[PDB]
């Protein structure tokens, strides 16, 4: 029993969504074999850049977003896992299963988004494929897609940001509201809920 019990690996940063220029695009920074090794050791010496990371476990891939010096993502992707870092695995600093939220100290080299104080309801969702999708805010934690899409297009983007027109963080993408496989709306953890957690 006890001597053979395994440990879950760390979450590993495997890429990023580049939002620095005039064109948004995904970049991969680590392949699958390196990901598997890094998840086991928890030691990731790769340089981190940007606000939105593409992250992976052994079994899932999703997004994580830096806001106020914390790299946030969804519990349904990360569970209670550590994140791999240059000095070894780093324990979560926030875990809230009720909000579907986790966070770790933001990695060195990352850039953080600023929480939105605009009160604007014209939002933009950034996906793991670097699609920037307009979303009208419809409540505290809900927004409608201006152009509905099959849920396939959104899968793997939980943990990504909803941004206001000025590029502030408004929320973290959590669930898709789908009818017959088509996403007409999204639900997100509002940035105020992060700010309170902090």
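Positions refer to the first chain, counted from 1.
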Legend entry - Between 28-36 and 157-165 (mean CA B-factor, as deposited), the higher: 28-36
Legend entry - Of 95-103 and 118-126, the one with larger mean CA B-factor: 118-126
Legend entry - Which of 186, 13, 17, 182 ranks first by CA B-factor in the deposited coordinates: 182
Inset, instruction - Quick one: classify residue 112 as lowest, middle or highest third of the chain based on its Cα B-factor. - result: middle
Legend entry - Within-chain third of residue 142 by Cα B-factor, per the entry: middle
Inset, instruction - Divide the modelled residues of the chain into thirds by Cα B-factor and specify which third, lowest, middle or highest, holds residue 41. - result: highest
Legend entry - Third of the chain, ranked by Cα B-factor, where residue 79 sits: lowest
Legend entry - For residue 50, the third of its chain into which the C-alpha B factor falls: middle
